[PDB]
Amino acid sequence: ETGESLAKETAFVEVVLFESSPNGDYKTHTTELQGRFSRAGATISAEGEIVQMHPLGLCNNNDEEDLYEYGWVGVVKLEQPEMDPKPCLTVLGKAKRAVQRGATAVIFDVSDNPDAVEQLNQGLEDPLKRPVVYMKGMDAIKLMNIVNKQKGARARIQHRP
């Protein structure tokens, strides 16, 4: 009979914003946010440009979709589950699709759907090679605003002992 789970390790999501001088250089400012690695994915550092994905962008239509440059970090904000009665894919599947399409890592704002978190710590479907992080509250909010207002940002998911 199992017991209280080991608590899930913190994913330190550093978000870099950057400006480009005319000559060629780059000043950057950084922004430390926090979430959790889940059983659904790996527990390893990862890094790449951020790209929002609408949660219906990720379906197995077989319908030819845009080639995004390999190595992007997906950011997906989930909707209340009663808005979506019947998903094309489980939250697991959406992760799996993003990777197929070149995502080096994926991050869910679950703040509006808490079930997801346990749906991702099930781990009965196969767990991915790349990290799958979940975030909420002020951190998730902070992240969505960047996506919304900044023209480009880079995400560095970090793992520490």
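All residue numbers refer to positions in the sequence shown, first residue = 1.
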Q. Of the other PDB entries compared that resolve residues on either side of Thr43, does at least a third omit it?
A. no
Q. Any chance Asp115 is unbuilt in a third or more of the other entries we compared?
A. no
Q.
If you average the CA temperature factors as listed in the entry, which stretch comes out higher, 152 to 160 or 1 to 9?
A. 1 to 9
Q: Averaging the C-alpha B factors as listed in the entry, name the stretch that ends up higher: 134 to 142 or 16 to 24.
A: 16 to 24
(Q) Take the CA temperature factors straight from the PDB entry and tell me which of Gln52, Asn62, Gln34, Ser45 peaks. (A) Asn62
Q | Options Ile107, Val99, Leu58, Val117 - largest CA temperature factor per the record | A | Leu58
Q. Comparing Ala103 with the other modelled residues of its chain, is its CA B-factor in the lowest, middle or highest third?
A. lowest
Q: Taking the values exactly as deposited, rank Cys88 by C-alpha B-factor within its chain and report the matching third: lowest, middle or highest.
A: highest
**Q.** CA B-factor ranking of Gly41, expressed as a third of its chain
**A.** lowest
